[PDB]
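As structure tokens, the next two blocks hold two forms of the same chain, structure 1 and structure 2.
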Structure 1
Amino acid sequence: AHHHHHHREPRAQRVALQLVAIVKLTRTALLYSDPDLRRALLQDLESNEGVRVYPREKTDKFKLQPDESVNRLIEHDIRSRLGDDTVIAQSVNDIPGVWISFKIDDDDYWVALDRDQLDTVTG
């Protein structure tokens, strides 16, 4: 069941940069937010970025992205910026989207993006 010896990148940098920008936007704005503006922040991030934030638990089920060439690229550039431990998934606890894990100190979270597929760059 193993294989044997036998005898695109620039776009994916833009896709990863845009997705990493959205995670850092979510994390930083949330972390330092006025509790009385937090509801407005979540609406702003959902309405403008299609972002929702979840706590991330050990018991979470997730499905990996389809294992295609572009995805492996995007995930590589995602990870070199946010960390190797970053989980990226097409689905968490049966809810589809582009999922990306992030941390605040020892707290785990998810951003879930309403996006179609991982290989997507908005104008």
Structure 2
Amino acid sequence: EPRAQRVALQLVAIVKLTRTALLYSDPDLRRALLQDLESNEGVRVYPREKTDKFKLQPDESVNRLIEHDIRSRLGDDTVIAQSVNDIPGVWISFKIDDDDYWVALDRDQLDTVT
């Protein structure tokens, strides 16, 4: 419960901060912002398409509890996955208005911040 809640809250903070950066970004600097997030923050953002396939994290350890805690903060429609279109990562969907996005985090790099 407490360790699960902690990891979820850290992942929520990362997604909210990232969404916030994109939301208030100068439109002319938006692609440059995405390069900065990826290279310097290790946070990769992508547009999310309705046809993007995903694979769930296994029901292992506290995975399902972390996912429940994430959804309670970000929304029940949030997708959380270990891969998208077969690309491995910690993937969490988010939205701005009617646009859908993914955040992808590196698993190894995330484990130092969790």
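Between two forms, the rigid core is the largest collection of C-alphas that superpose within 1.5 Å. Shifts are known only where both forms have a C-alpha. Sequence positions of structure 1, starting at 1, serve as the residue numbers.
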(request) Answer yes if the CA of residue 43 moves 2 Å or more between the two structures after aligning the rigid core, and no otherwise. (result) yes
(message) Looking at residue 69, what is the CA displacement between the two structures after core superposition, in angstrom?
(response) 4.7
(message) After superposing on the rigid core, how much does the Cα of residue 30 shift between the two structures, in Å?
(response) 1.0
(message) I need the CA movement of residue 59 between the two structures once the rigid core is aligned, reported in Å.
(response) 0.7
(message) Where exactly does the backbone move between the two structures? Looking for runs of 3+ consecutive residues, each with a CA shift of 2 angstroms or more after core alignment.
(response) 34-49, 116-122
